[PDB]
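When reading the values below, keep in mind they use all heavy atoms of this one structure, side chains included, and skip hydrogens, waters and symmetry mates. Quick note on labels: first sequence line is chain A, next is B, and so on, each numbered from 1.
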Amino acid sequence: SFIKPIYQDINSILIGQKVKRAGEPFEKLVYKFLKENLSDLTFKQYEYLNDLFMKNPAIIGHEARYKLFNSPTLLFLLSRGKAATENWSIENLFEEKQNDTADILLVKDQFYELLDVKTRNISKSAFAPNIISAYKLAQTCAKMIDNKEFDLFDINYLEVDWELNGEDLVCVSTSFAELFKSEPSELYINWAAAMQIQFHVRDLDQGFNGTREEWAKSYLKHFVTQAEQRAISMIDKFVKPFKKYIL
Amino acid sequence: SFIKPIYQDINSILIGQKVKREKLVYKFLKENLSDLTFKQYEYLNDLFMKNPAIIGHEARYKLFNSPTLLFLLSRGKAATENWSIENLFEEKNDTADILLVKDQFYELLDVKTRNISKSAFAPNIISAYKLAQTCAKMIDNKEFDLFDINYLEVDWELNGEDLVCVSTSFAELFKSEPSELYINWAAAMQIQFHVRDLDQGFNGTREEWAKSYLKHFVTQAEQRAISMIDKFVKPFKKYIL
DNA sequence: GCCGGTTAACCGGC
DNA sequence: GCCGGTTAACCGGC
Ligand SMILES: [Ca+2]
Ligand SMILES: [Ca+2]
Ligand code: NA
Ligand code: NA
Ligand code: NA
């Protein structure tokens, strides 16, 4: 991680920060800090895409523009769709998109850190948030394996806890954790919640002992196993209880 | 519907409205049907304010006088017990955006806003599972003449520094053919449609609707389970040993 | 403690 | 046309 060496600082600077009154905008402050302290490495996802295509003005159409990624897995995680990519121009730049994978990209020497900020109202009853689609993650692992891209990118999370203090939201603490250091078989896949893996960053175990390739194979075994169990569970929860009204 | 008879009134007032870059719907209804119209949390406040002698969640839950509406409208037990004139519910995940109620009959209204300049993407309408439980509850308690669940689509496009409403649509969930309802399991098990596309040709009774919906729901759940193997298990087996 | 369902719409494959 | 996956976190049952 490129963030990890300055996380202590980040943690200190963010605590006490405020945003007018839900905590979503704290992500903008995370970005501001990173832009100030790692200016050359830091991008919004759409910003990285805009920069990539701006540097290659002669490369037009979605196919050629896709070739600029030089990585199947990164293309998968970061690109916009074919029409969006084809219609891109300096006058028609990418702006934020609701379901972009990452909030913030940090890249250096062609290694990629995908950072997702998780904001959390710390006064409400704890509810683990959507982290990332378990299915997007499965596809990522399969593509990592097919292409032997095991040392190219990390997926990392920064939790920003906040509380309502008068007119303002204030940050009270933060946490940092790396997806690829968690034990894959311990990740919670909430199928109803858009097939999303869910955890609090603060709680994520970080003791995985294997290679990235091993992480990928292991998560895939986990994913496949959970999907099988869910297929069965749906009869239990969505079929059985209601059959008495229709038979 | 209490809204349907005045839809033309609403469509006209809205069809040129602009917000800065559309709960103008609530405003209009509140001004033209003030005795009937509530935000959900507002209806609950009103209900509990009008019954000051009733405290705690069990007793306040009895104020609904209907298990099904209890299930659709109420907040959780602790929230309800902790409610007071000085601790009022605020807007919230709530089933409905707007409630219109008259003579012990309830219209649940959900407003769907839509950026009409982008590729059409049918929005989450309501949980197929919440709907399933609701039908189940309607049947168990024979509450077939109590409420409707209705939708109002408001289409808009960006124009300058503002969003402009260019059209609207209105449709009643309980007039749609249940078996035509698209359940998108990945998207939080939500029914999905555009209001303007919703068929309104169901001819049977409310009870028939509920039974037909349940058969549909159960059938679609079974299909989803099966399709999970094909999409989430099969394509990944080759990587595991 | 443990568990998982719900709201807001929203992009883009073939 | 037809089809369905993803982001934002968030609430309250035993
Ligand atoms: Ca985020
Ligand atoms: Ca709505
Ligand atoms: Na994001
Ligand atoms: Na995410
Ligand atoms: Na809804």
Is any side-chain nitrogen or oxygen of [X] closer than 4.0 Å to OP1 or OP2 of [N]?
{"X": "B:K77", "N": "D:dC14", "result": "yes"}
{"X": "A:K97", "N": "C:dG12", "result": "yes"}
{"X": "A:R230", "N": "C:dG5", "result": "yes"}
{"X": "B:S119", "N": "C:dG12", "result": "no"}
{"X": "B:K130", "N": "C:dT7", "result": "yes"}
{"X": "B:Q190", "N": "C:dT7", "result": "yes"}
{"X": "B:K112", "N": "C:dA9", "result": "yes"}
{"X": "A:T119", "N": "D:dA9", "result": "yes"}

I'd like to know if B:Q192 reaches the base of D:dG5 with its side chain, counting only an N/O donor and acceptor under 3.5 Å. yes

Residue whose closest nucleotide on DNA chain C lies nearer the 5' end, B:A188 versus B:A122: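 Here B:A188 is the residue nearer the 5' end.
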
Map A:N130 and B:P123 onto DNA chain C by nearest heavy atom, then report which one ends up closer to the 5' terminus. A:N130

Dot-bracket for DNA chain D, please, read 5' to 3', with Watson-Crick or G-U wobble pairs under 3.5 Å on both distances, ( ) within the strand, [ ] crossing, | other strand, . unpaired. ||||||||||||||

Between [atom2] on [N] and [atom1] on [X], what's the gap in Å once rounded to a whole number?
{"X": "B:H194", "N": "D:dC2", "atom1": "NE2", "atom2": "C1'", "result": "12 Å"}
{"X": "B:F217", "N": "C:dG5", "atom1": "CZ", "atom2": "P", "result": "10 Å"}
{"X": "B:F193", "N": "D:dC3", "atom1": "CZ", "atom2": "P", "result": "17 Å"}
{"X": "A:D236", "N": "C:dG5", "atom1": "CG", "atom2": "P", "result": "12 Å"}

Taking only residues two or more places apart in sequence or in another chain, which ones pass side-chain hydrogen bond (donor to acceptor under 3.5 Å, both in side chains) with B:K92?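 B:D94.
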
Compute the centroid of each ring, for [X] and then for [Y], and state whether the two points are separated by less than 6.0 Å.
{"X": "B:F193", "Y": "B:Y182", "value": "no"}
{"X": "A:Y46", "Y": "A:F94", "value": "no"}
{"X": "A:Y245", "Y": "B:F217", "value": "no"}

Candidate nucleotides [options], ranked by approach to the side chain of [X] - the nearest:
{"X": "A:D116", "options": "D:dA8, C:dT6, D:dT6", "result": "D:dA8"}
{"X": "A:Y188", "options": "D:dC3, C:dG4, D:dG5", "result": "C:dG4"}
{"X": "B:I126", "options": "C:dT6, D:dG4, C:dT7", "result": "C:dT7"}
{"X": "A:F238", "options": "D:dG12, D:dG5, C:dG5", "result": "C:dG5"}
{"X": "B:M189", "options": "C:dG5, D:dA8, D:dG4", "result": "C:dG5"}

Does the cation-pi check pass for A:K35 over A:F43, that is, NZ or CZ under 6.0 Å from the six-membered ring centre and within 45° of its axis? no

side-chain contact (heavy atoms from CB on, under 4.5 Å) involving A:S175 - partner list, sequence neighbours excluded: A:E159, A:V201, A:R202

Is it the major groove or the minor groove that B:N184 touches, counting side-chain heavy atoms under 5.0 Å from base N or O atoms?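 Major groove (side-chain heavy atom under 5.0 Å from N7, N6, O6, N4 or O4).
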
